[PDB]
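Below is one structure, written out as structure tokens, with a few remarks after it.
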Amino acid sequence: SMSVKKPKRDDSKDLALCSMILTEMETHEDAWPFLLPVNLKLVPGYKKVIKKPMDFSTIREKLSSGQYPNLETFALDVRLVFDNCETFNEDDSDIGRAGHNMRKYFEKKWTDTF
Ligand SMILES: CNC(=O)c1ccccc1OC1CCOCC1
């Protein structure tokens, strides 16, 4: 509350650490379904069903232009990529499996870093 704060956490390295995690995400061999926005003109149903599309290149642009006020907002967009993937793809599919793998890969790097 007012004039009552927890000991101040060093958040000066968060931006660079999130960039590092995103670079690791972008270079994983199963990152290919998430590198660029899903093409809404070429994929029927996607624009209608997925209300908040998200991909690694949009995340990179947002991170690089100061559009993440904190750690949590970055993690929400990364998780949104995989929540969208689960909504539109069968678990038993290459993209469906790519999503589950990339999520597990992200969550470990996220716990280990922060
Ligand atoms: C994350 N991608 C999808 O949920 C997706 C769903 C149906 C059809 C195509 C899709 O993504 C393409 C992205 C570019 O590479 C090939 C798949």
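Values reported hereafter were calculated over all heavy atoms of this structure, with side chains retained and with hydrogens, waters and symmetry mates removed. We're numbering straight along the sequence, starting at 1. Whatever order the structure lists ligands and atoms in, that order sets their numbers, starting from 1.
Between the CZ atom in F74 and the NZ atom in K62 there is a gap of 10.5 Å [rounded to 0.5 Å].
For the residue pair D55 and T58, a side-chain donor N or O sits within less than 3.5 Å of a side-chain acceptor on the partner. For the residue pair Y68 and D14, no side-chain donor N or O sits within less than 3.5 Å of a side-chain acceptor on the partner.
Proximity to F34 (heavy-atom distance under 4.0 Å) selects the following atoms of ligand 1: 1 (C). Close approach of ligand 1 to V38 is summarised as follows: ligand atoms under 4.0 Å from at least one heavy atom of the residue are 1 (C), 2 (N), 3 (C). Atom numbering of ligand 1 starts at 1 in the shown order; those under 4.0 Å from a heavy atom of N89 are 3 (C), 4 (O), 6 (C).
There is a protein heavy atom less than 4.0 angstrom from atom 1 (C) of ligand 1.
Under the 4.0 Å criterion applied to side-chain N and carboxylate O atoms, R97 and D91 are not assigned as salt-bridge partners.
The two residues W110 and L71 come nearest to each other via the heavy atoms CH2-O, 3.3 Å.
At the shortest separation from atom 9 (C) of ligand 1 among protein heavy atoms lies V43 CG2, 4.0 Å. Taking atom 13 (C) of ligand 1 as the reference point, the nearest protein heavy-atom neighbour is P33 O, 3.6 Å. At the top of the distance list for atom 16 (C) of ligand 1, counting protein heavy atoms only, stands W32 CZ3, 3.9 Å.
Residue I95 touches ligand 1 through its side chain alone, judged by heavy-atom distances below 4.0 Å.
The salt bridge (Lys or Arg N to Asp or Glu O under 4.0 Å) contacts involving residues 24-35 comprise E26-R60, where partners must be two or more places apart or lie in separate chains.
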